[PDB]
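Beneath this line is the structure, given in structure tokens, with notes to follow.
Protein chains: 2
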Amino acid sequence: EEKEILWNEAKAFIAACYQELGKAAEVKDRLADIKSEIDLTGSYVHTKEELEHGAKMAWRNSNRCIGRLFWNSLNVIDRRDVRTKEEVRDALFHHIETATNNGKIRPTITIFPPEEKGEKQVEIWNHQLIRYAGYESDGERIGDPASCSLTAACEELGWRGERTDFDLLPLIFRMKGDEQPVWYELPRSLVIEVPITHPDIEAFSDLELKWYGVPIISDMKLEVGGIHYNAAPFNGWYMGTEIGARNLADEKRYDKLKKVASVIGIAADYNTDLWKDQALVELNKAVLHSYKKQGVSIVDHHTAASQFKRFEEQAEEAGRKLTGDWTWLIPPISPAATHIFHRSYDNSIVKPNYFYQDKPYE
Amino acid sequence: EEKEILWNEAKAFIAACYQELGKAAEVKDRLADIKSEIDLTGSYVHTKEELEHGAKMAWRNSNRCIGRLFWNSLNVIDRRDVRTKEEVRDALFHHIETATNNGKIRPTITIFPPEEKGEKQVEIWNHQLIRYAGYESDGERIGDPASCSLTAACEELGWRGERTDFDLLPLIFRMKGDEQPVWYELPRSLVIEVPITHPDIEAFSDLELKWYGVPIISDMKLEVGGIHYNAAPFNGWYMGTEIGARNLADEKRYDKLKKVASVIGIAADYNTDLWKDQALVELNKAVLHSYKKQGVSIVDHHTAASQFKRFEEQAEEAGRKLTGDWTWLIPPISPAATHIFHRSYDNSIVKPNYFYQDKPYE
Ligand code: HEM
Ligand code: HEM
Ligand SMILES: Cc1cc(N)nc(COCC[C@@H](CN)OCc2cc(C)cc(N)n2)c1
Ligand SMILES: Cc1cc(N)nc(COCC[C@@H](CN)OCc2cc(C)cc(N)n2)c1
Ligand SMILES: C[C@H](O)[C@H](O)[C@H]1CNc2nc(N)[nH]c(=O)c2N1
Ligand SMILES: C[C@H](O)[C@H](O)[C@H]1CNc2nc(N)[nH]c(=O)c2N1
Ligand SMILES: [Cl-]
Ligand SMILES: [Cl-]
């Protein structure tokens, strides 16, 4: 069935990809080559053109993503040639550098060798290439709680965190054949961070908040025409709410809302005062102001929703079915102020796409 | 099939109702009486105990309702005895009066005679018993746009609105046998309205905003054990966001956000300033402050979510399956600050329940 699963996916993808690329007449001969290759080797190798468009199609099909308008401008880096951990490390270092682009972030994906027989060639342990460590000992809570399990795993491997609230986790990945992953400390010079300040409230800096510039998802599987690229980290720029309404606001994350209420000078005593709501808005104002001031790319949820409307419009104009997850597309701040809230979305899964996969630790 | 549909619903409801009421031993003899009654008349009549608990069960099963914690305290008014339009009118007048309770709102439902052969005995045209009219002529937009179609219908029937932004719509309903509905102007003395002011911004009153005290849904069908109570208006108290984040904020409603931004003294120029978000919070603060100050019952979305958590906890303790619609349960303001946002809900439909039905106009 496995060969058959692969062959059926390959047929569907190539025909669709080549159709969009206007290479319709070449589908026949390509499907032939692919078929013999699957017969012979048990798999097939994507052309760079197929891989590139396949990763763009995958982003376009990501139901939970509000930023899909710019799907076709994705910067695809083909690193199917890597064989050593030093090569993987430098590819990851390069991704961070080129995607960051001195603050003017380029949406980028680096694609490592795919699974062979379900056997991983490269196994990335990081959720994001840049993320803060998390600790808990005797109810002493430090850093990002979401990173607690990965941090413990890393500290098993000889790494030790400084135990600030913003320890940069090292890159950690495992190569095929090795029993343990290796880890590499990130060069600080490659990592842009943004101090959080408020446009008119000076005391906001007393909170000593900051966040990292680029969100680089590194734990998802890119599937393209039957081929499983388990290692393919990708990035865009942040939508402010991700930082100000979740990362810094969630009680199971940094949980900063009470401290925010204090610095903006309001009481945090009564539900009816809506102090959490007010704190959320000022914090999200702070995030947007700070990134813009530092010259780091970011988008507000209103502008992003406007862009997604254009994405919807582009889809219908192009005769493509639109899919989406309403529960993920609405922003956690003032969602009813966006058009997204006021319509429905088909949550059907279309391939190519990005998928969750089991974590190699915990 | 109709008799069979009815009989199967009746079996399921009576057994469940009597079980909860601890009248398990009486299910057998009741099911017998009901069965002969269906054979003879084509239908069966609920006891007051069955009707009362049936309407409470229906509220408990309303997947979209965040306020279900107080399901068992529902005030059920049995008006299956009405036969004249004057009786219907006075029953509706009474509902408003007793539910309002001088501001200390009582969750109440008034139950009119059920459909017979799918034939309505009483046909209520109002979406809510208390709602504001809406007009549009040559792009001259007045009042609540959501009420535009009902308003036009009423003005066909000899009624005329003053064309303020807050015209109280008359009660309008049709009796079985009559071709046209009748309409009755609401006595102002029965209708509590709340002027919208802000706790610390005096200029907020310049907006001249107000809203009505009690939300009384009057266009839904209550279904209890096969019996279709198409006419059964019900009320609770408002959650603030319903007024401040939707009714007064939506662009297709009162669309007051720009005017709010002006009175609270912020620019409405840039998306990145998050001015809509800030306006939304101050407006919702205003709503809660105003209702509390007037002595009119209201609940904030944080407290309501806390209560719904208790409802969830009560359900599991009682060995009942919990159902809910996540898309309706999250508040339109700071939803990620509630526990609801961070879990999933089974959106299965359980009867008894309240349902949408076709509007008799448009
Ligand atoms: C260009 C800037 C981008 C923005 C502003 C953006 C925005 C977002 C946001 C706000 C989410 C929801 C995450 C959350 O609620 O926590 C999301 C999810 C997602 N985005 Fe994007 N995105 C961008 C670029 C990309 C790119 C380049 C890809 C991949 C090629 C991508 C794929 C996804 C996927 C797969 C998810 C869902 C992740 C999951 O299921 O856990 N996005 N995006
Ligand atoms: C006691 C105070 C109550 C509060 C604060 C409350 C709160 C809410 C809220 C916020 C909604 C969502 C409406 C929207 O998003 O626009 C809702 C929906 C609903 N509530 Fe309640 N509710 C209350 C009482 C009741 C009562 C007494 C009933 C009936 C017995 C009821 C049945 C429903 C139903 C059926 C819906 C869904 C309406 C629809 O599908 O369009 N609720 N409730
Ligand atoms: C617990 C958890 C597990 C898991 N697999 N994923 C998540 C969160 O979902 C994906 C990460 C979210 C966090 N805001 O960011 C998505 C995203 C991706 C990209 C490429 C850009 C962007 N701005 N935002 C959380
Ligand atoms: C367009 C439309 C049609 C339709 N059938 N229903 C709606 C809105 O949903 C029901 C009304 C909503 C409006 N916030 O209020 C529900 C509600 C009911 C009750 C008993 C109490 C309460 N606080 N809130 C809108
Ligand atoms: C079309 C979309 O389902 C629509 O916005 C729904 C869902 N979310 C909602 N949530 C609430 N509380 N009230 C509503 O009227 C709606 N409308
Ligand atoms: C459990 C529930 O589905 C959960 O809150 C989901 C849905 N809504 C979300 N929406 C966004 N944007 N991001 C998230 O992580 C989630 N989490
Ligand atoms: Cl993040
Ligand atoms: Cl309403």
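Protein chains in written order, with the deposited numbering: chain A, 2 to 363; chain A', 2 to 363. A prime marks a further copy of an entry chain.
C-beta: ideal position from N, C-alpha, C; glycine also.
Beta carbon proximity, residue i to chain A, threshold 7 Å
i, result
"A':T339", "no"
"residue 396 of chain A'", "Since the displayed chain A' opens at 2 and closes at 363, residue 396 of chain A' lies outside it and no answer follows."
"A':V215", "no"
"A':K29", "no"
"A':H54", "no"
"A':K286", "yes"
"A':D301", "yes"
"A':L130", "no"
"residue 1 of chain A'", "Since the first residue shown for chain A' is 2 and the last is 363, residue 1 of chain A' is missing from the structure and cannot be characterised."
The beta strand (DSSP E) enclosing residue i, as first and last residue numbers
i, result
"A':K118", "From DSSP, A':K118 is part of no beta strand (DSSP E); its letter is neither H nor E."
"A:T111", "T109 to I112"
"A:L223", "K222 to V225"
"A:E194", "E194 to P196"
"A':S150", "Note, A':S150: premise wrong, no beta strand (DSSP E); alpha helix (DSSP H) at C149 to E157."
"A':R311", "Segment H302 to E318 is the alpha helix (DSSP H) holding A':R311; no beta strand (DSSP E) there."
"A:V351", "Element bounds for A:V351: n/a, residue is neither H nor E."
"A':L172", "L172 to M176"
"A:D79", "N76 to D79"
"A:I143", "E141 to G144"
"A:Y45", "Where A:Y45 is concerned, there is no enclosing beta strand (DSSP E), given that its DSSP letter is neither H nor E."
"A:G135", "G135 to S138"
"A':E124", "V123 to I125"
"A:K211", "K211 to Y213"
Limits of the alpha helix (DSSP H) - the one that residue i falls within
i, result
"A:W276", "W276 to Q295"
"A:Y19", "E3 to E21"
"A':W329", "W327 to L330"
"residue 383 of chain A", "Since the first residue shown for chain A is 2 and the last is 363, residue 383 of chain A is missing from the structure and cannot be characterised."
"A':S37", "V28 to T42"
"A':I97", "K86 to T101"
"A:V264", "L258 to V264"
Spatial distance of residue i from residue j (CA atoms)
i, j, result
"A':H303", "A:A232", "41 Å"
"A':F342", "A':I331", "6 Å"
"A':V123", "A:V261", "55 Å"
"A':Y357", "A':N62", "14 Å"
"A:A316", "A:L70", "10 Å"
"A':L187", "A':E224", "28 Å"
"A:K222", "A:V83", "18 Å"
"A:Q129", "A:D145", "13 Å"
"A:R164", "A:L208", "17 Å"
"A:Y292", "A:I131", "16 Å"
"A':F205", "A':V264", "6 Å"
"A':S138", "A:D301", "36 Å"
"A:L289", "A:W72", "23 Å"
"A:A287", "A:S148", "24 Å"
"A:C18", "A':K57", "56 Å"
"A':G23", "A':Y362", "43 Å"
"A:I244", "A:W212", "8 Å"
"A:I106", "A:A305", "16 Å"
"A:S74", "A:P108", "8 Å"
"A':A16", "A':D79", "22 Å"
"A':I97", "A':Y230", "19 Å"
Cβ of residue i within 7 Å of any chain A' Cβ
i, result
"A:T304", "yes"
"A:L32", "no"
"A:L158", "no"
"A:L210", "no"
* Which of the residues in the segment 324–335 of chain A, read from start to end, lie with their CB under 7 Å from any CB of chain A'? -> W327, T328, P333, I334 and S335
* **Where the segment 223–249 of chain A' meets chain A: residues whose CB sits under 9 Å from a CB there** => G241, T242, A246 and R247
* **Interfacial residues, the segment 267–282 of chain A' to chain A, with Cβ spacing under 8 Å** => Within the segment 267–282 of chain A', the qualifying residues are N272, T273, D274, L275, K277, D278, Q279, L281 and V282.
* Asked: In the segment 89–117 of chain A, which residues sit with their C-beta less than 9 Å from some C-beta in chain A', listed in chain order?
  -> none
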